[PDB]
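**Q** Just dropping this structure here.
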RNA sequence: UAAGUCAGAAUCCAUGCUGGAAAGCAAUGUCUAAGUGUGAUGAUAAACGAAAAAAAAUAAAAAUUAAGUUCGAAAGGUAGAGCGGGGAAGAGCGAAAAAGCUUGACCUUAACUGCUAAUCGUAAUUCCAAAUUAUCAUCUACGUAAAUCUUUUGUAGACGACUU
RNA sequence: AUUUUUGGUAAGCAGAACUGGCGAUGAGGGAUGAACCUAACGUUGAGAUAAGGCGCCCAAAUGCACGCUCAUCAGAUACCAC
RNA sequence: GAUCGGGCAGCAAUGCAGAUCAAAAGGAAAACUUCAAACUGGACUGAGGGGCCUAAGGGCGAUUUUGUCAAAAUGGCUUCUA
Ligand SMILES: [Mg+2]
Ligand SMILES: [Mg+2]
Ligand SMILES: [Mg+2]
Ligand SMILES: [Mg+2]
Ligand SMILES: [Mg+2]
Ligand SMILES: [Mg+2]
Ligand SMILES: [Mg+2]
Ligand SMILES: [Mg+2]
Ligand SMILES: [Mg+2]
Ligand SMILES: [Mg+2]
Ligand SMILES: [Mg+2]
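Protein chains in written order, with PDB author numbering: chain AE, 65 to 191; chain AH, 7 to 113; chain AF, 2 to 126; chain BI, 1 to 198; chain AX, 2 to 189.
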């Protein structure tokens with residue numbers, strides 16, 4: 065977790081090298097808060113605010129039967145946005161890898177997925 | 007591939023609808039969540055969203071189908087809870103396992 | 002055989018109560034189903050012998066109907082605390098308490114530590 | 001109730017109770033297998049339960065005995081009738097419930113290996129005052145002429161002997177792996193975990 | 002569900018009897034007078050209940066009826082020390098299908114309320130008595146020289162030991178309850 | 001007689017006997033042309049560790065009050081690595097419903113290393129395994145064994161059925 | 001039907017009194033069933049109940065505490081089946 | 001200080017230890033009843049389509065944001081199932 069946007073969404077980085085979850089808008093509701101915390105000493109969040117993730121959507125109109133695809137201009141714009149993001153990430157991920165790399169298993173622990181064990185009891189669990 | 011990697015849903019059973027000897031409300035299903043035992047523990051799931059998945063002929067390229075609902079309330083003092091779905095669950099469903107999911111996390 | 006008895010001044014475990022997981026001593030036997038209970042961490046209670054488990058600690062210093070205070074003293078002098086604390090029972094119990102407090106990372110660790118204990122034993126030398 | 005197949009060892013279990021439990025489990029989707037039925041217990045004089053089973057032998061469809069009730073004399077079926085009694089067995093749902101239960105006497109092949117389970121509430125020791133009367137099923141099925149008791153015993157012994165083999169091997173090796181767990185390299189990791197809240 | 006203060010934390014373990022003192026006077030109510038006050042000890046589960054018990058006994062014992070008198074007050078009595086075991090005697094009259102009977106009973110308990118509750122349960126089970134029918138004549142906390150019953154005197158010794166011969170398995174909370182487990186419990 | 005024990009009936013249960021389409025099971029003779037043939041669509045009262053083998057005893061013991069256990073558990077990828085996992089043939093053992101266990105050509109994979117993850121846009125089953133089996137379409141094989149009717153017998157028979 | 005009643009050995013018989021009810025009336029409970037128990041009905045969702053229940057058929061306690069009981073004919077409750 | 005007993009002593013005469021009741025002088029606390037103040041998680045619902053109104057605080061009885069939807073999708077029909 066990085067910071068909480070004004071829209072309310074959570075700002076998020078799986079370190080894209082470790083997780084594969086690159087940089088994400090997420091909802092508070094859809095997540096579980098672990099007591100494991102990594103410091104971001106490299107906090108860059110000022111860069112990123114809501115308007116950062118837009119997207120451009122095709123026109124679904126009553127004359128095309130809401131049958132839509134994106135134009136070439138759109139392919140381009142979106143490609144450019146993507147490269148831009150790829151860049152902006154390393155900025156954030158970079159101090160991250162570092163901070164995370166200094167915590168013993170935290171790299172693997174981040175790489176891993178969270179499953180329930182049969183015997184588990186999510187209602188009494190301590191995270 | 008051997009299995010699905012991570013399944014984050016708790017297993018629930020569909021007991022039946024909420025009923026009296028001669029009468030049944032089919033609006034309220036009853037579930038028993040795995041390793042959920044007393045009213046206290048059931049309460050923990052109060053708002054939670056629960057799914058009913060089943061398979062069938064191809065509908066929009068997916069061979070499965072779904073009914074979504076929420077556990078609302080503790081039914082009786084062992085672990086049993088009323089669930090409401092969008093479409094009241096079909097009755098053969100009774101023998102079966104439903105997915106309790108942890109999605110509803112709020113402040 | 003019959004070595005462990007319910008006696009005036011027995012050391013008992015309170016299970017299935019508001020007081021579960023707590024040691025206590027027995028001052029009197031009220032009928033055949035209920036005993037009179039005390040200790041540092043528990044009010045003076047009447048409890049059905051059913052809810053209780055005999056601990057194999059008999060304090061012969063205890064006296065019939067002993068006041069809460071004097072009891073607490075005798076109990077302290079006996080080290081129910083140290084003695085029980087060494088018990089396989091309390092050891093296991095504490096271990097449980099440990100497992101209780103563990104986070105996602107703690108589990109994960111334990112898992113990698115668990116895998117290692119397995120795959121590494123070939124280290125003869 | 002969620003384990004894929006429960007297998008219950010009916011030994012020292014009380015008929016009616018083991019019954020109700022397995023029944024519910026069945027209704028709610030648990031697929032069960034009960035074993036060693038010949039070992040189930042019933043509260044009462046063996047006599048009294050023979051009186052009773054006799055009284056049952058006595059019921060029949062008048063004009064045509066070969067229609068309707070079949071009076072089954074094996075412990076397996078005694079239990080089975082018992083459970084069918086506690087389900088709505090004429091209901092398609094009840095049917096399913098039934099199909100889930102399989103029952104045997106002794107412990108047949110597929111079931112050597114799988115772990116046998118117990119219903120705690122159903123135990124003679126747990127349920128009945130020690131000095132009150134009881135029967136084992138196979139004794140009843142004896143009085144009513146189910147011939148296999150002797151065979152089952154022999155067969156059981158055979159399997160007991162395979163057990164001692166499994167176990168002994170399992171012990172020997174499992175001591176050797178516990179001993180080598182106390183060696184230096186791993187003693188380290190042991191300590192790491194203990195501290196970790198073993 | 003209204004607890005009297007001297008009842009146990011677990012409502013299960015004892016009946017809802019409490020011991021009351023009720024006192025009233027002939028209705029005419031003359032001011033400066035030095036009234037005859039009629040006072041009685043009743044065991045009931047309510048103030049209301051106590052009033053009933055009161056009046057019943059009072060109309061049997063004396064001329065008075067309720068339209069003829071006034072209730073001055075109802076005061077619950079409490080037991081001194083819940084720290085010791087005491088042997089209580091109780092003297093009863095109850096009504097069995099044939100006739101009416103005077104009984105003397107003893108219970109070892111921590112409260113006179115407990116003595117009574119135990120008395121009622123017993124009287125139901127062994128004698129099929131109806132609570133409403135039961136009349137407690139007199140109640141005494143017993144001095145050792147005075148305790149007559151064998152199941153009472155049975156428990157006086159310090160050398161008292163019960164092995165617990167059979168332990169019926171009873172999980173600690175519900176959270177631990179399983180129908181079927183992978184191994185068999187033990188007794189001891 | 002309450003526990004505990006003997007004797008003991010034209011009784012009861014068996015033994016013997018007749019049925020036995022119990023939509024039960026076994027052993028055995030021969031055959032099933034052509035392939036451990038493929039394709040598409042499907043169904044299975046219930047896949048996402050739906051994980052897990054001592055035996056016996058509950059008035060036992062020197063000693064352990066709960067499977068309130070233990071084991072497994074990392075990315076539904078690629079390239080390497082290879083703790084480890086699975087197993088041809090044949091040879092061993094194994095029968096209560098023979099379910100499988102050993103050895104074994106070989107097949108495979110975890111730590112670790114590099115790529116690849118992001119635009120599936122703050123959720124909508126995480127559609128993939130295993131055991132079964134239906135339908136349609138097709139490629140190869142145009143064969144093999146046996147039965148029945150049209151005959152026959154009278155050890156049987158209303159007709160079918162049955163012996164031959 | 002409750003209570004009160006007369007003839008009658010008696011009757012799920014024959015007659016009377018007050019209040020109901022059933023007929024003309026469904027719903028839940030007494031397994032079952034005109035006159036019992038709760039309760040009186042427009043279509044529908046929620047909640048908490050009455051009568052009655054909560055081992056399984058069956059929603060809900062194999063709850064927590066008491067007393068008493070072993071039947072080679074146990075017992076299991078209003079109107080109810082003696 | 002006084003009683004008592006289901007103590008250890010003691011051969012007895014007696015002491016140690018208790019438990020109950022308790023003087024003046026001090027301490028420190030539990031359960032119940034009543035009446036109040038306040039936090040957090042759920043379920044069901046949103047009838048109506050104004051500018052009027054006032055105790056000057058508000059009332060008059062849900063708004064906001066976002067995602068998906070072209071394909072038989074949604075609703076229905078016939079048949080069947082629970
Ligand atoms: Mg004999
Ligand atoms: Mg006869
Ligand atoms: Mg009257
Ligand atoms: Mg008449
Ligand atoms: Mg009247
Ligand atoms: Mg009336
Ligand atoms: Mg008419
Ligand atoms: Mg009516
Ligand atoms: Mg309703
Ligand atoms: Mg019980
Ligand atoms: Mg449709």
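Cβ atoms here follow ideal geometry from the backbone N, Cα and C, with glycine treated the same way.
Identify each residue in the segment 46 to 79 of chain AF for which the Cβ-Cβ distance to at least one residue of chain AX is less than 9 Å, and report them in chain order.
**A** Going along the segment 46 to 79 of chain AF in chain order, one finds 46, 47, 48, 49, 50, 51, 52, 53, 54, 55, 64, 65, 66, 68, 69 with a Cβ nearer than 9 Å to chain AX.
**Q** So, is residue 113 of chain AE buried or exposed, given that buried needs 16 or more other C-beta atoms within 10 angstroms?
**A** Counting Cβ neighbours within 10 Å, residue 113 of chain AE comes out exposed, since fewer than 16 surround it.
**Q** Kindly indicate the opening and closing residues of the alpha helix (DSSP H) around residue 57 of chain BI.
**A** First-last of the alpha helix (DSSP H) with residue 57 of chain BI: 46 to 57.
**Q** Going residue by residue through the segment 79 to 105 of chain AH, where are the continuous beta strand (DSSP E) segments of at least 3 residues, counting only ones entirely within it?
**A** Listed in chain order, they are 86 to 91.
**Q** Taking residue 44 of chain AH as the query, report the chain AX residues whose CB atoms sit under 7 Å from its CB, ordered along the chain.
**A** Neighbours of residue 44 of chain AH on chain AX, chain order: 175, 176.
**Q** Please classify residue 79 of chain BI: is it buried, with 16 or more other beta-carbons within 10 angstroms of its beta-carbon, or exposed?
**A** Answer is buried; the Cβ neighbour count reaches 16.
**Q** Measuring CB atoms only, is the segment 84 to 102 of chain AH touching the segment 181 to 189 of chain AE, in the sense that at least three cross pairs come out at less than 8 Å?
**A** Judged by Cβ distances under 8 Å, the segment 84 to 102 of chain AH makes no contact with the segment 181 to 189 of chain AE, as fewer than three pairs qualify.
**Q** What three-state label does DSSP hand residue 73 of chain AF in the structure shown?
**A** Looking at residue 73 of chain AF - three-state DSSP - the assignment turns out to be helix.
**Q** Three-state secondary structure (DSSP) at residue 93 of chain AF?
**A** Of the three classes helix, strand and coil, the one that applies to residue 93 of chain AF here is helix, per DSSP.
**Q** If you run the structure through DSSP and keep just helix, strand and coil, what is residue 60 of chain BI?
**A** In the structure shown, residue 60 of chain BI sits in coil (DSSP, three-state: anything other than H, G, I, E or B).
**Q** Give me, in chain order, the residues of the same chain whose beta-carbon lies closer than 6 Å to that of residue 98 of chain AE; leave out the 5 immediate sequence neighbours on both sides.
**A** Excluding residues within five positions, the ones whose Cβ falls inside 6 Å are 191.
**Q** Residue 78 of chain BI lies in the alpha helix (DSSP H); which residues open and close that run?
**A** Unbroken alpha helix (DSSP H) run through residue 78 of chain BI: 75 to 85.
**Q** According to DSSP, is residue 9 of chain BI part of a helix, a strand, or is it coil?
**A** Here residue 9 of chain BI sits in strand by DSSP.
**Q** Check the Cβ-Cβ distances between residue 85 of chain AX and every residue of chain AF, and say whether any is below 8 Å.
**A** Closer than 8 Å: yes.
**Q** Would you say residue 73 of chain AH and residue 92 of chain AH are within 8 Å of each other, going by their C-beta atoms?
**A** It is a contact, given that the beta carbons lie within the stated cut-off.
**Q** Beta strand (DSSP E) containing residue 38 of chain AH: first to last residue?
**A** Run containing residue 38 of chain AH: 29 to 39, per the beta strand (DSSP E) assignment.
**Q** Which residue wins for smallest C-alpha separation from residue 30 of chain BI, given the options BI:3, BI:8, BI:41?
**A** Closest by alpha carbon: BI:3.
**Q** Which residues of the segment 102 to 113 of chain AF have a Cβ closer than 7 Å to any Cβ of chain AE? Give them in chain order.
**A** Cβ contacts with chain AE: 102, 103, 104, 105, 106, 109, 110, 113.
**Q** What does residue 17 of chain AH reach in chain BI if we use C-beta pairs closer than 8 Å?
**A** Ordered by position in chain BI, the residues that pass the 8 Å Cβ test against residue 17 of chain AH are 2.
**Q** Residues bridged to residue 84 of chain AE by DSSP?
**A** According to DSSP, which records beta bridges pairwise, residue 84 of chain AE is partnered with nothing at all.
**Q** Here's the rule I'm using: 16 or more other beta-carbon atoms within 10 Å means buried, otherwise exposed. How should residue 41 of chain BI be labelled?
**A** With 16 or more other Cβ atoms within 10 Å, it is buried.
**Q** Within this structure, are the beta carbons of residue 118 of chain BI and residue 178 of chain AX separated by less than 8 Å?
**A** It is not a contact, given that the beta carbons lie outside the stated cut-off.
**Q** Can you tell which of AF:29, AF:55, AF:2 has the C-alpha that lies nearest to the C-alpha of residue 15 of chain AF?
**A** It is AF:55 whose Cα lies nearest to the Cα of residue 15 of chain AF.
**Q** Relative to the alpha-carbon of residue 44 of chain AH, which residue among AX:176, AX:188, AX:182 has its alpha-carbon at the smallest distance?
**A** Taking only the C-alpha atoms, the option nearest residue 44 of chain AH is AX:176.
**Q** Starting from the C-beta of residue 24 of chain AX, find all residues in its chain whose C-beta is less than 7 Å away, skip the five residues before and the five after it, and write them out in chain order.
**A** If we look at residue 24 of chain AX and ignore the five residues flanking it on each side, its Cβ neighbours are 38, 39, 40, 73, 74.
**Q** The beta strand (DSSP E) that contains residue 142 of chain AX, what's its start and end?
**A** It spans 136 to 142 - the beta strand (DSSP E) in which residue 142 of chain AX sits, taken as one unbroken run.
**Q** Using a Cβ-Cβ cut-off of 7 Å (strictly less than) and excluding sequence neighbours within five positions of residue 102 of chain AH, which residues of its own chain qualify?
**A** 20, listed in sequence order.
**Q** Can you check whether the CB of residue 10 of chain AF is closer than 8 Å to the CB of residue 59 of chain AF?
**A** Cβ distance < 8 Å, so residue 59 of chain AF and residue 10 of chain AF count as in contact.
**Q** Suppose contacts are defined by Cβ-Cβ distances below 8 Å. Is residue 35 of chain BI in contact with residue 104 of chain BI by that definition?
**A** The answer is yes: Cβ separation under 8 Å.
**Q** Go through its chain and collect everything with a Cβ distance to residue 120 of chain BI's Cβ below 8 Å, but skip five positions before and after it.
**A** Within the same chain, residue 120 of chain BI has close Cβ partners 126.
**Q** For residue 50 of chain AH, return the contacting residues in chain AE, with the cut-off set at a CB-CB distance below 7 Å.
**A** Those are 187, listed as they occur along chain AE.
**Q** Taking C-beta to C-beta, are residue 15 of chain AX and residue 118 of chain AX nearer than 8 Å?
**A** It is a contact, given that the beta carbons lie within the stated cut-off.
**Q** Measuring CB to CB, does residue 56 of chain AX end up less than 8 Å from residue 67 of chain AX?
**A** Going by C-beta atoms, residue 56 of chain AX is nearer than 8 Å to residue 67 of chain AX.
**Q** Should residue 130 of chain AX be labelled buried (16 or more other beta-carbon atoms within 10 Å of its own) or exposed?
**A** Under this definition residue 130 of chain AX is a buried residue.
**Q** Check distances from the C-beta atoms of the segment 83 to 116 of chain AX to those of chain AF and list, in chain order, the residues that come in under 9 Å.
**A** The segment 83 to 116 of chain AX vs chain AF, Cβ under 9 Å: 83, 84, 85, 86, 108, 109, 110, 111, 115.
**Q** Within the 8 Å Cβ cut-off, does residue 173 of chain AE reach chain AF?
**A** Judged by the 8 Å Cβ criterion, residue 173 of chain AE is in contact with chain AF.
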